[PDB]
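Q: What follows is upload-v8.pdb, PDB, C-alpha atoms and all ligand atoms.
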```pdb
ATOM      1  CA  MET A   1      -9.247 -34.356   7.425
ATOM      2  CA  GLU A   2      -8.712 -38.073   8.078
ATOM      3  CA  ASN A   3      -5.683 -37.818   5.802
ATOM      4  CA  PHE A   4      -3.881 -35.473   8.184
ATOM      5  CA  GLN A   5      -2.270 -36.156  11.549
ATOM      6  CA  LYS A   6      -2.523 -32.948  13.550
ATOM      7  CA  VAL A   7       0.699 -32.223  15.425
ATOM      8  CA  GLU A   8       0.144 -28.876  17.148
ATOM      9  CA  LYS A   9      -2.321 -26.012  17.170
ATOM     10  CA  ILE A  10      -0.431 -23.165  15.522
ATOM     11  CA  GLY A  11      -3.049 -20.618  16.545
ATOM     12  CA  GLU A  12      -6.529 -19.180  16.047
ATOM     13  CA  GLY A  13      -6.969 -17.186  12.857
ATOM     14  CA  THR A  14      -9.551 -14.698  11.607
ATOM     15  CA  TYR A  15     -11.464 -17.405   9.749
ATOM     16  CA  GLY A  16     -10.440 -20.526  11.621
ATOM     17  CA  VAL A  17      -7.933 -22.540  13.599
ATOM     18  CA  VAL A  18      -4.546 -23.417  12.101
ATOM     19  CA  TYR A  19      -2.765 -26.682  12.891
ATOM     20  CA  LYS A  20       0.694 -27.967  12.063
ATOM     21  CA  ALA A  21      -0.162 -31.213  10.308
ATOM     22  CA  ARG A  22       1.523 -34.110   8.572
ATOM     23  CA  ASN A  23       0.046 -35.396   5.322
ATOM     24  CA  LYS A  24      -0.299 -39.057   6.358
ATOM     25  CA  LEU A  25       0.180 -39.973   2.699
ATOM     26  CA  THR A  26       3.055 -37.866   1.349
ATOM     27  CA  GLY A  27       4.544 -37.327   4.803
ATOM     28  CA  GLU A  28       4.950 -33.627   4.075
ATOM     29  CA  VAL A  29       4.445 -31.180   6.955
ATOM     30  CA  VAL A  30       1.829 -28.517   6.250
ATOM     31  CA  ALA A  31      -0.320 -25.822   7.827
ATOM     32  CA  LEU A  32      -3.912 -27.069   8.049
ATOM     33  CA  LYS A  33      -6.542 -24.345   8.359
ATOM     34  CA  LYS A  34     -10.030 -25.391   9.444
ATOM     35  CA  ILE A  35     -12.450 -22.730   8.194
ATOM     36  CA  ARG A  36     -14.976 -21.833  10.890
ATOM     37  CA  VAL A  44     -19.998 -23.222   2.307
ATOM     38  CA  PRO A  45     -21.004 -20.566  -0.276
ATOM     39  CA  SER A  46     -20.173 -21.215  -3.933
ATOM     40  CA  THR A  47     -18.684 -17.725  -4.193
ATOM     41  CA  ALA A  48     -16.069 -18.498  -1.544
ATOM     42  CA  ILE A  49     -15.269 -21.805  -3.253
ATOM     43  CA  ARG A  50     -14.587 -20.091  -6.584
ATOM     44  CA  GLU A  51     -12.684 -17.215  -4.963
ATOM     45  CA  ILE A  52     -10.536 -19.560  -2.892
ATOM     46  CA  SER A  53      -9.923 -21.667  -6.001
ATOM     47  CA  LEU A  54      -8.334 -18.790  -7.918
ATOM     48  CA  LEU A  55      -5.961 -18.205  -4.998
ATOM     49  CA  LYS A  56      -4.145 -21.515  -5.365
ATOM     50  CA  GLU A  57      -3.088 -20.324  -8.810
ATOM     51  CA  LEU A  58      -1.152 -17.390  -7.296
ATOM     52  CA  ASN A  59       2.466 -18.437  -6.951
ATOM     53  CA  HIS A  60       5.256 -16.130  -5.791
ATOM     54  CA  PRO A  61       8.308 -16.719  -3.569
ATOM     55  CA  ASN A  62       7.035 -14.189  -1.017
ATOM     56  CA  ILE A  63       3.501 -15.524  -0.680
ATOM     57  CA  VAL A  64       2.608 -18.511   1.515
ATOM     58  CA  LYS A  65       1.515 -21.109  -1.022
ATOM     59  CA  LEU A  66      -2.037 -22.491  -0.836
ATOM     60  CA  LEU A  67      -1.372 -26.181  -1.573
ATOM     61  CA  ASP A  68      -4.846 -27.687  -1.484
ATOM     62  CA  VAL A  69      -8.464 -26.902  -0.757
ATOM     63  CA  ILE A  70     -10.442 -29.688   0.878
ATOM     64  CA  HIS A  71     -14.191 -29.348   0.543
ATOM     65  CA  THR A  72     -15.762 -32.510   1.954
ATOM     66  CA  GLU A  73     -18.737 -33.330   4.172
ATOM     67  CA  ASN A  74     -19.766 -29.679   3.821
ATOM     68  CA  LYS A  75     -16.590 -28.602   5.625
ATOM     69  CA  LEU A  76     -13.709 -26.518   4.268
ATOM     70  CA  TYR A  77     -10.004 -27.088   4.937
ATOM     71  CA  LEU A  78      -7.195 -25.018   3.446
ATOM     72  CA  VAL A  79      -3.757 -26.612   3.215
ATOM     73  CA  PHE A  80      -0.878 -24.108   3.191
ATOM     74  CA  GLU A  81       2.901 -24.522   3.007
ATOM     75  CA  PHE A  82       4.469 -24.550   6.478
ATOM     76  CA  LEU A  83       6.988 -22.060   7.915
ATOM     77  CA  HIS A  84       8.381 -22.275  11.465
ATOM     78  CA  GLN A  85       8.099 -18.716  12.758
ATOM     79  CA  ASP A  86       6.075 -15.530  12.338
ATOM     80  CA  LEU A  87       7.405 -11.968  12.582
ATOM     81  CA  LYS A  88       5.618 -11.248  15.873
ATOM     82  CA  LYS A  89       7.536 -13.997  17.701
ATOM     83  CA  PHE A  90      10.793 -13.013  16.021
ATOM     84  CA  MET A  91      10.301  -9.409  17.144
ATOM     85  CA  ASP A  92       9.613 -10.556  20.702
ATOM     86  CA  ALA A  93      12.809 -12.615  20.596
ATOM     87  CA  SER A  94      14.764  -9.590  19.359
ATOM     88  CA  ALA A  95      13.164  -7.230  21.883
ATOM     89  CA  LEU A  96      16.490  -6.441  23.581
ATOM     90  CA  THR A  97      18.702  -5.645  20.582
ATOM     91  CA  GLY A  98      16.021  -4.987  18.003
ATOM     92  CA  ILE A  99      16.158  -6.284  14.441
ATOM     93  CA  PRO A 100      19.287  -5.225  12.518
ATOM     94  CA  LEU A 101      18.517  -2.522   9.950
ATOM     95  CA  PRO A 102      19.859  -4.657   7.055
ATOM     96  CA  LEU A 103      17.362  -7.377   7.963
ATOM     97  CA  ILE A 104      14.519  -4.861   8.339
ATOM     98  CA  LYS A 105      15.313  -3.503   4.886
ATOM     99  CA  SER A 106      15.501  -6.998   3.392
ATOM    100  CA  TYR A 107      12.165  -7.987   4.912
ATOM    101  CA  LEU A 108      10.427  -4.790   3.817
ATOM    102  CA  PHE A 109      11.823  -5.243   0.305
ATOM    103  CA  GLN A 110      10.522  -8.824  -0.005
ATOM    104  CA  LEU A 111       7.116  -7.963   1.468
ATOM    105  CA  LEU A 112       6.717  -5.154  -1.063
ATOM    106  CA  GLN A 113       7.557  -7.599  -3.860
ATOM    107  CA  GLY A 114       4.863  -9.919  -2.544
ATOM    108  CA  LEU A 115       2.269  -7.133  -2.417
ATOM    109  CA  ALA A 116       3.182  -5.778  -5.851
ATOM    110  CA  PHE A 117       2.558  -9.265  -7.214
ATOM    111  CA  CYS A 118      -0.804  -9.663  -5.446
ATOM    112  CA  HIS A 119      -1.876  -6.116  -6.244
ATOM    113  CA  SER A 120      -1.138  -6.636  -9.948
ATOM    114  CA  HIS A 121      -3.579  -9.565  -9.852
ATOM    115  CA  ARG A 122      -6.103  -7.344  -8.063
ATOM    116  CA  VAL A 123      -5.866  -9.427  -4.878
ATOM    117  CA  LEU A 124      -5.844  -7.537  -1.560
ATOM    118  CA  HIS A 125      -4.906  -8.779   1.885
ATOM    119  CA  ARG A 126      -6.863  -6.273   4.022
ATOM    120  CA  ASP A 127      -5.638  -7.649   7.353
ATOM    121  CA  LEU A 128      -1.853  -7.424   7.362
ATOM    122  CA  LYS A 129      -0.234  -7.811  10.765
ATOM    123  CA  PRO A 130       3.006  -9.261  12.224
ATOM    124  CA  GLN A 131       1.199 -12.535  12.952
ATOM    125  CA  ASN A 132       0.560 -12.959   9.201
ATOM    126  CA  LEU A 133       4.211 -12.562   8.148
ATOM    127  CA  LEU A 134       6.140 -15.848   8.220
ATOM    128  CA  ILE A 135       9.912 -16.258   8.049
ATOM    129  CA  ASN A 136      12.284 -19.172   7.492
ATOM    130  CA  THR A 137      15.958 -19.925   8.112
ATOM    131  CA  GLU A 138      16.989 -18.843   4.601
ATOM    132  CA  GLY A 139      16.259 -15.164   5.188
ATOM    133  CA  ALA A 140      12.923 -15.124   3.382
ATOM    134  CA  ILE A 141       9.623 -13.713   4.640
ATOM    135  CA  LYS A 142       6.158 -14.492   3.224
ATOM    136  CA  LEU A 143       2.635 -13.093   3.410
ATOM    137  CA  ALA A 144      -0.007 -15.518   4.714
ATOM    138  CA  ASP A 145      -3.815 -15.298   4.499
ATOM    139  CA  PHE A 146      -3.806 -13.194   1.332
ATOM    140  CA  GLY A 147      -7.194 -12.853  -0.361
ATOM    141  CA  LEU A 148      -9.141 -14.631   2.384
ATOM    142  CA  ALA A 149     -10.888 -11.458   3.548
ATOM    143  CA  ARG A 150     -12.628 -11.050   0.182
ATOM    144  CA  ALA A 151     -13.564 -14.749   0.108
ATOM    145  CA  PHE A 152     -15.344 -14.444   3.446
ATOM    146  CA  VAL A 163     -10.069  -9.187  20.681
ATOM    147  CA  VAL A 164      -9.461  -8.232  17.035
ATOM    148  CA  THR A 165      -6.368  -6.071  16.483
ATOM    149  CA  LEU A 166      -7.088  -2.683  14.858
ATOM    150  CA  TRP A 167      -3.519  -1.366  15.088
ATOM    151  CA  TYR A 168      -2.799  -1.801  11.380
ATOM    152  CA  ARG A 169      -6.147  -0.649   9.995
ATOM    153  CA  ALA A 170      -6.107   2.132   7.367
ATOM    154  CA  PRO A 171      -7.928   5.454   8.081
ATOM    155  CA  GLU A 172     -10.359   5.070   5.180
ATOM    156  CA  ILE A 173     -11.590   1.760   6.609
ATOM    157  CA  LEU A 174     -12.094   3.295  10.056
ATOM    158  CA  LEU A 175     -14.005   6.207   8.481
ATOM    159  CA  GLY A 176     -16.573   4.001   6.747
ATOM    160  CA  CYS A 177     -15.274   3.694   3.178
ATOM    161  CA  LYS A 178     -16.660   0.348   1.998
ATOM    162  CA  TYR A 179     -14.752   0.203  -1.292
ATOM    163  CA  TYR A 180     -11.133   0.192  -0.114
ATOM    164  CA  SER A 181      -8.205  -0.362  -2.446
ATOM    165  CA  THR A 182      -4.723  -1.832  -2.618
ATOM    166  CA  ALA A 183      -3.668   1.224  -0.604
ATOM    167  CA  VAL A 184      -4.983  -0.300   2.621
ATOM    168  CA  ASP A 185      -2.176  -2.917   2.552
ATOM    169  CA  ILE A 186       0.484  -0.245   2.058
ATOM    170  CA  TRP A 187      -0.776   1.533   5.179
ATOM    171  CA  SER A 188      -0.611  -1.658   7.260
ATOM    172  CA  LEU A 189       2.887  -2.356   5.955
ATOM    173  CA  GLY A 190       3.922   1.188   6.857
ATOM    174  CA  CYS A 191       2.710   0.556  10.416
ATOM    175  CA  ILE A 192       4.660  -2.719  10.610
ATOM    176  CA  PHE A 193       7.801  -1.007   9.250
ATOM    177  CA  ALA A 194       7.727   1.611  12.025
ATOM    178  CA  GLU A 195       7.142  -1.106  14.615
ATOM    179  CA  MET A 196      10.235  -3.073  13.532
ATOM    180  CA  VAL A 197      12.375   0.066  13.756
ATOM    181  CA  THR A 198      11.164   1.353  17.129
ATOM    182  CA  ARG A 199      10.162  -1.997  18.666
ATOM    183  CA  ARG A 200       6.782  -0.575  19.680
ATOM    184  CA  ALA A 201       3.394  -0.500  17.931
ATOM    185  CA  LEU A 202       2.858   2.813  16.139
ATOM    186  CA  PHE A 203      -0.921   3.095  16.739
ATOM    187  CA  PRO A 204      -2.036   0.618  19.437
ATOM    188  CA  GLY A 205      -5.702   1.573  19.661
ATOM    189  CA  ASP A 206      -8.095  -0.422  21.820
ATOM    190  CA  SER A 207     -11.284   0.519  19.940
ATOM    191  CA  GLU A 208     -12.246   2.004  16.579
ATOM    192  CA  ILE A 209     -12.442   5.579  17.832
ATOM    193  CA  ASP A 210      -9.304   5.221  19.963
ATOM    194  CA  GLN A 211      -7.465   3.909  16.876
ATOM    195  CA  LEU A 212      -8.615   6.829  14.774
ATOM    196  CA  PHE A 213      -7.661   9.338  17.469
ATOM    197  CA  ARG A 214      -4.209   7.812  17.992
ATOM    198  CA  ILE A 215      -3.630   8.237  14.247
ATOM    199  CA  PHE A 216      -4.926  11.834  14.299
ATOM    200  CA  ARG A 217      -2.735  12.771  17.267
ATOM    201  CA  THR A 218       0.381  11.672  15.386
ATOM    202  CA  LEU A 219      -0.253  12.550  11.755
ATOM    203  CA  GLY A 220      -2.710  15.350  12.498
ATOM    204  CA  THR A 221      -6.468  15.493  12.054
ATOM    205  CA  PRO A 222      -7.108  15.312   8.298
ATOM    206  CA  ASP A 223      -8.992  18.053   6.456
ATOM    207  CA  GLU A 224     -10.054  18.788   2.871
ATOM    208  CA  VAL A 225      -6.589  20.164   2.050
ATOM    209  CA  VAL A 226      -4.577  17.003   2.770
ATOM    210  CA  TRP A 227      -7.417  14.599   1.973
ATOM    211  CA  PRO A 228     -10.079  15.796  -0.502
ATOM    212  CA  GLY A 229     -13.461  14.290   0.323
ATOM    213  CA  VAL A 230     -12.613  13.204   3.859
ATOM    214  CA  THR A 231     -15.386  15.276   5.490
ATOM    215  CA  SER A 232     -17.909  13.347   3.375
ATOM    216  CA  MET A 233     -16.826   9.941   4.697
ATOM    217  CA  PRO A 234     -19.672   7.943   6.335
ATOM    218  CA  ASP A 235     -18.236   7.975   9.872
ATOM    219  CA  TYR A 236     -16.551  11.374   9.780
ATOM    220  CA  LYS A 237     -17.761  13.808  12.461
ATOM    221  CA  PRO A 238     -17.206  17.606  12.408
ATOM    222  CA  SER A 239     -16.800  17.233  16.148
ATOM    223  CA  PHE A 240     -13.431  15.431  15.804
ATOM    224  CA  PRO A 241     -10.723  17.196  17.841
ATOM    225  CA  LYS A 242      -8.125  19.022  15.754
ATOM    226  CA  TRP A 243      -4.577  17.893  16.505
ATOM    227  CA  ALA A 244      -1.406  19.144  14.824
ATOM    228  CA  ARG A 245       0.877  16.795  12.907
ATOM    229  CA  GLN A 246       4.046  15.557  14.626
ATOM    230  CA  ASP A 247       7.498  15.395  13.030
ATOM    231  CA  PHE A 248       8.523  11.914  11.895
ATOM    232  CA  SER A 249      11.941  12.451  13.456
ATOM    233  CA  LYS A 250      10.247  12.093  16.833
ATOM    234  CA  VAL A 251       7.974   9.243  15.742
ATOM    235  CA  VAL A 252      10.514   6.809  14.318
ATOM    236  CA  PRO A 253      14.024   7.502  15.622
ATOM    237  CA  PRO A 254      16.682   6.601  14.565
ATOM    238  CA  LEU A 255      15.433   5.822  11.051
ATOM    239  CA  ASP A 256      17.465   7.766   8.465
ATOM    240  CA  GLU A 257      16.019  10.320   6.042
ATOM    241  CA  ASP A 258      15.568   7.771   3.243
ATOM    242  CA  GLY A 259      13.557   5.548   5.574
ATOM    243  CA  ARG A 260      11.482   8.394   7.000
ATOM    244  CA  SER A 261      10.792   9.565   3.461
ATOM    245  CA  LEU A 262       9.458   6.164   2.393
ATOM    246  CA  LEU A 263       7.438   5.748   5.583
ATOM    247  CA  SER A 264       5.695   9.122   5.149
ATOM    248  CA  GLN A 265       4.653   8.135   1.638
ATOM    249  CA  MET A 266       3.229   4.859   2.943
ATOM    250  CA  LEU A 267       1.242   6.732   5.580
ATOM    251  CA  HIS A 268      -0.317   9.473   3.424
ATOM    252  CA  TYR A 269      -3.945  10.015   4.437
ATOM    253  CA  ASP A 270      -5.348  10.184   0.904
ATOM    254  CA  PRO A 271      -5.383   6.588  -0.448
ATOM    255  CA  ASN A 272      -4.753   8.039  -3.922
ATOM    256  CA  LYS A 273      -1.551   9.801  -2.820
ATOM    257  CA  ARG A 274      -0.244   6.788  -0.866
ATOM    258  CA  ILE A 275       2.731   5.134  -2.618
ATOM    259  CA  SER A 276       2.146   1.862  -4.506
ATOM    260  CA  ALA A 277       4.155  -1.292  -3.751
ATOM    261  CA  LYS A 278       5.651  -1.062  -7.242
ATOM    262  CA  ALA A 279       6.919   2.494  -6.808
ATOM    263  CA  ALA A 280       8.179   1.844  -3.261
ATOM    264  CA  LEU A 281      10.439  -0.852  -4.702
ATOM    265  CA  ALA A 282      12.334   1.832  -6.611
ATOM    266  CA  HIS A 283      12.682   4.105  -3.578
ATOM    267  CA  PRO A 284      16.268   5.186  -2.613
ATOM    268  CA  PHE A 285      15.913   3.427   0.750
ATOM    269  CA  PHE A 286      16.439   0.122  -1.081
ATOM    270  CA  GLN A 287      19.571   1.089  -3.034
ATOM    271  CA  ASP A 288      21.826  -0.854  -0.657
ATOM    272  CA  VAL A 289      19.483  -3.769   0.058
ATOM    273  CA  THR A 290      21.014  -7.183   0.750
ATOM    274  CA  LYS A 291      19.619 -10.500   1.958
ATOM    275  CA  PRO A 292      20.984 -11.313   5.446
ATOM    276  CA  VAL A 293      20.300 -14.627   7.143
ATOM    277  CA  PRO A 294      18.628 -14.200  10.555
ATOM    278  CA  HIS A 295      19.597 -16.194  13.616
ATOM    279  CA  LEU A 296      16.432 -18.176  14.316
ATOM    280  CA  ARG A 297      15.780 -20.224  17.435
ATOM    281  CA  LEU A 298      13.262 -22.943  16.605
TER     282      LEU A 298
HETATM  283  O1  LIG B 301       3.225 -22.061   7.869
HETATM  284  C1  LIG B 301       2.134 -21.515   7.931
HETATM  285  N1  LIG B 301       1.237 -21.359   6.898
HETATM  286  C2  LIG B 301       0.163 -20.619   7.317
HETATM  287  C3  LIG B 301      -1.057 -20.176   6.596
HETATM  288  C4  LIG B 301      -2.042 -19.315   7.319
HETATM  289  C5  LIG B 301      -1.781 -18.825   8.720
HETATM  290  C6  LIG B 301      -2.724 -17.950   9.403
HETATM  291  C7  LIG B 301      -2.476 -16.968  10.419
HETATM  292  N2  LIG B 301      -3.675 -16.506  10.835
HETATM  293  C8  LIG B 301      -4.624 -17.174  10.142
HETATM  294  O2  LIG B 301      -4.075 -17.961   9.162
HETATM  295  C9  LIG B 301      -0.538 -19.317   9.393
HETATM  296  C10 LIG B 301       0.387 -20.242   8.702
HETATM  297  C11 LIG B 301       1.589 -20.895   9.178
HETATM  298  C12 LIG B 301       2.064 -20.954  10.444
HETATM  299  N3  LIG B 301       3.377 -21.369  10.987
HETATM  300  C13 LIG B 301       3.810 -21.175  12.278
HETATM  301  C14 LIG B 301       4.493 -22.319  12.950
HETATM  302  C15 LIG B 301       5.003 -22.192  14.336
HETATM  303  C16 LIG B 301       4.855 -20.892  15.034
HETATM  304  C17 LIG B 301       4.134 -19.780  14.402
HETATM  305  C18 LIG B 301       3.645 -19.886  13.027
HETATM  306  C19 LIG B 301       4.025 -18.600  15.288
HETATM  307  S1  LIG B 301       5.330 -18.674  16.505
HETATM  308  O3  LIG B 301       4.878 -18.231  17.797
HETATM  309  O4  LIG B 301       6.489 -18.088  15.895
HETATM  310  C20 LIG B 301       5.406 -20.477  16.358
END
```
With the file now loaded, output its structure as structure tokens.
Ligand SMILES: O=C1Nc2ccc(-c3cnco3)cc2/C1=C/Nc1ccc2c(c1)CS(=O)(=O)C2
A:
Amino acid sequence: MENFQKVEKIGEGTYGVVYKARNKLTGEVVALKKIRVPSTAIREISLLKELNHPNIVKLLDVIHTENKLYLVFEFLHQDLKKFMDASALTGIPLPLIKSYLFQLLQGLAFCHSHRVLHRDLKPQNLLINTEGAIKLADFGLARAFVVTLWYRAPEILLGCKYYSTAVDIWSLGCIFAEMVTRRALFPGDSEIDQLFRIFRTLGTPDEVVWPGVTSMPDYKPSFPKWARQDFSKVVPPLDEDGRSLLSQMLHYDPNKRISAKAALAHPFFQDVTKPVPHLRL
């Protein structure tokens, strides 16, 4: 703590406040996260600094002193939420959307292969730099330890306590649609409102499309029954390749939902390139 000179407060996270800080020693600029300490967390967090991938925000150090916990992450200047706000008028170019989705899927495939889940993916957690790269931040913290519910998977909202890697694919699918249309896909303001907004778009799930759904802890036979909408109306003007991938990312049944690995081979990415975005820092 004493070894860092806090510059600015980057923002309040799910498990603590994040500050832009300068390592008074090395002089390097980093992201200092003050965790708002169990031995389990310590061990879990420790394994995370071993995970290294170009599309994952690197956990540099873990400072456990005076019974306090500080996580030191690599620093990136902008998150996707701010970039989207800045591109509100023209929207993000499709080539850049495709590049970002491609890199994010690589990041997830890597984490998923190590059995590490994010569980709370959202625009605020996706950081970008001037080189055209995008990285996932806060990976694996959920397991170690006005909340947005917009990117929450159906199985989580229905009471399933043993979620899988599929929950991250759902969140990513929601973010994908948002970049294309420039509007949140399911902006619920409560757990039931979130669930109903999903049902009104993709249809109320039943035993046909999702075996075992009526046995979920929070499922109620009294749920209204809405018909499914066509994706052409939900995410215009995404082409057929894109709509195809999106539908596979938003399948109700977690077991039918596409994996990050398989999505990487989807036809939507046949013409992927790596454009450099115009960032205003
Ligand atoms: O560079 C960074 N590393 C991080 C590690 C974790 C988190 C985080 C998020 N929620 C909880 O934890 C964030 C970072 C991080 C931040 N850099 C950064 C730096 C500046 C700005 C933003 C983000 C947002 S903006 O409005 O675009 C300005």
Q: Let me have the centre and edge lengths in Å, one decimal, of the box along x, y and z around every listed atom of ligand LIG 301 (chain B) with 5 Å of margin on each side, as lines of an AutoDock Vina configuration file.
A:
```
center_x = 0.9
center_y = -19.4
center_z = 12.2
size_x = 21.1
size_y = 15.8
size_z = 21.2
```
Q: As a quick test: using all atoms listed in the file, which residues lie no more than 8 Å away from ligand LIG 301 (chain B)? Give them as JSON, numbers by chain.
A: {"A": [10, 11, 12, 13, 14, 15, 16, 17, 18, 19, 20, 30, 31, 32, 33, 64, 65, 66, 79, 80, 81, 82, 83, 84, 85, 86, 87, 88, 89, 90, 131, 132, 134, 144, 145]}
Q: Go through A:109, A:227, A:240, A:77 and flag the residue nearest residue 36 (chain A), using all atoms listed in the file for the distances.
A: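 Looking only at the distances to residue 36 (chain A), the closest residue turns out to be A:77.
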Q: Skipping near chain neighbours, those fewer than 6 positions away, what residues fall within 8 Å of residue 126 (chain A) using only C-alpha atoms, listed as a list in words?
A: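 The residues satisfying every condition are residues 147, 149, 184 and 185 of chain A.
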Q: Can those selected residues be exported to a file as a tab-separated table (two decimals), in the frame of the given file so that it contains C-alpha atoms?
A:
```tsv
chain	number	residue	atom	x	y	z
A	147	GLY	CA	-7.19	-12.85	-0.36
A	149	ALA	CA	-10.89	-11.46	3.55
A	184	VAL	CA	-4.98	-0.30	2.62
A	185	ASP	CA	-2.18	-2.92	2.55
```
Q: To test your reading of the syntax: which residues would the PyMOL selection byres (((chain A and resi 61) around 9) and not hetatm) return for the file shown? Reply as number ranges by chain.
A: A: 59-60, 62-65, 110, 114, 140-142
Q: Taking the file as shown, find all residues satisfying the PyMOL selection byres (((chain A and resi 174) around 9) and not hetatm) and write them as a VMD selection string.
A: chain A and resid 169 to 173 175 to 177 208 to 209 211 to 212 235
Q: Could you tell me which residues the PyMOL selection byres (((chain A and resi 75) around 9) and not hetatm) returns for this structure, as a PyMOL selection string?
A: chain A and resi 34-36+44+70-74+76-77
Q: Quote the spacing between CA of residue 204 (chain A) and CA of residue 265 (chain A) in Å to one decimal place.
A: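 If I compute the distance from CA of residue 204 (chain A) to CA of residue 265 (chain A), I get 20.4 Å.
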Q: Pick from A:108, A:205, A:197, A:294: nearest to residue 164 (chain A), with only C-alpha atoms counted?
A: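 Nearest candidate to residue 164 (chain A) out of A:108, A:205, A:197, A:294: A:205.
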Q: Quick one, how far is CA of residue 21 (chain A) from CA of residue 115 (chain A)?
A: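 Separation between CA of residue 21 (chain A) and CA of residue 115 (chain A): 27.3 Å.
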Q: In Å, rounded to a single decimal, give me how far CA of residue 241 (chain A) is from CA of residue 213 (chain A).
A: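 Value for the CA of residue 213 (chain A)-CA of residue 241 (chain A) distance: 8.4 Å.
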Q: Find the residue from A:283, A:22, A:291, A:274 that sits nearest to residue 137 (chain A); use only C-alpha atoms when measuring.
A: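 Closest residue, counting only C-alpha atoms: A:291.
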Q: When distances are computed from all atoms listed in the file, which of A:107, A:278, A:260, A:118 shows the smallest separation from residue 136 (chain A)?
A: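 Of the candidates, the smallest distance to residue 136 (chain A) is held by A:107.
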Q: Looking at all atoms listed in the file, which of A:293, A:52, A:189, A:207 is the one that sits closest to residue 112 (chain A)?
A: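 Ranked by minimum distance to residue 112 (chain A), first place goes to A:189.
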Q: Using all atoms listed in the file for the distances, tell me which of A:26, A:130, A:138, A:236 is nearest to residue 103 (chain A).
A: A:138
Q: Name all residues at most 12 Å from residue 242 (chain A) (count all atoms listed in the file; drop same-chain ones fewer than 3 positions away) and give them as a compact mmCIF listing (two decimals) with C-alpha atoms, in the frame of the given file.
A:
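around_25.txt was written with the following content:
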```
# COMPACT_ATOMS: atom_id res chain seq x y z
CA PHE A 213 -7.66 9.34 17.47
CA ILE A 215 -3.63 8.24 14.25
CA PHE A 216 -4.93 11.83 14.30
CA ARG A 217 -2.74 12.77 17.27
CA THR A 218 0.38 11.67 15.39
CA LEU A 219 -0.25 12.55 11.76
CA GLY A 220 -2.71 15.35 12.50
CA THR A 221 -6.47 15.49 12.05
CA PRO A 222 -7.11 15.31 8.30
CA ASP A 223 -8.99 18.05 6.46
CA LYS A 237 -17.76 13.81 12.46
CA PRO A 238 -17.21 17.61 12.41
CA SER A 239 -16.80 17.23 16.15
CA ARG A 245 0.88 16.80 12.91
```
Q: So that I can check the surroundings of residue 287 (chain A), please list as a PyMOL selection string every protein, DNA and RNA residue that reaches within 12 Å of it, counting only C-alpha atoms and ignoring chain neighbours fewer than 3 positions away.
A: chain A and resi 102+105-106+109+258-259+280-284+290
Q: I'd like the neighbourhood of residue 129 (chain A) as JSON, numbers by chain, where a residue qualifies if any of its atoms comes within 9 Å (using all atoms listed in the file), though same-chain residues fewer than 4 positions away should be ignored.
A: {"A": [87, 88, 133, 165, 167, 168, 188, 189, 191, 192]}
